[PDB]
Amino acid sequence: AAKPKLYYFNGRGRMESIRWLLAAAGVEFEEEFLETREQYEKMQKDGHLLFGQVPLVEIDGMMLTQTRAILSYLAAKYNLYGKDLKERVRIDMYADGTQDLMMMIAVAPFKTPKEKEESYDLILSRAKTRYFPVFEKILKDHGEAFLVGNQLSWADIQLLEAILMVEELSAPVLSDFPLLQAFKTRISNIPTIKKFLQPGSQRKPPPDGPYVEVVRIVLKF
């Protein structure tokens, strides 16, 4: 058997969504870490990071190096990638949207004070007036627990995380999205999802000052 080890910084980043999916997959995973600019260089020159970039996930003997390349491998392996091509596309179409949303968030910290300020306000508007109303309707129109084949999917997860991450900025955000709140609590109380959500987990906190710089040092921003 394999013991899923994942290298990346100590924070959200492109490794977060990977953690979630694994947790929900009901899988225990250990993990290394990245702190020094030289640490990068070692494993770099070690010959692992195909295009010389992380995240990286030692699993099945393979060394995955590209984000979405990784997620897709995972989700499919652990049957959360729909069944037929018709549905798998709905997942992806969804995942790309949330991803875009979460992405705007993970990046704003590096921006200048005026920059990150203006981008945050915007994140709310793009979530409230573009990404949330759409998901609310998907739920209302088909009235169901899940999002696609009436079964747990990586789109379900991806959405939850996205909702959580958005409330961390504005808590009363879901104020106008009923079907979602239900979705949130419904999914939150899922066994594997709850465990990962309890104070004891591998889950990481939001982007903090110390983390920003510890990043700009390992990669030389």
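Start at 1 and count along the sequence shown; that's the residue number.
- For the segment pair 147 to 155 and 90 to 98, the entry gives 147 to 155 the higher mean B-factor, averaged over Cα atoms.
- Averaged over CA atoms, B-factors in the entry run higher in 204 to 212 than in the other of 17 to 25 and 204 to 212.
- The deposited CA B-factor of residue 70 belongs to the lowest third of values across its chain.
- Looking at the C-alpha B-factors along this chain, the one for residue 176 belongs to the middle third.
- In the PDB entry, a CA B factor belonging to the middle third of its chain's modelled residues is recorded for residue 105.
- When the modelled residues of the chain are ordered by their C-alpha B factor, residue 164 lands in the lowest third.
- The PDB entry assigns residue 62 a C-alpha temperature factor belonging to the highest third of its chain's modelled residues.
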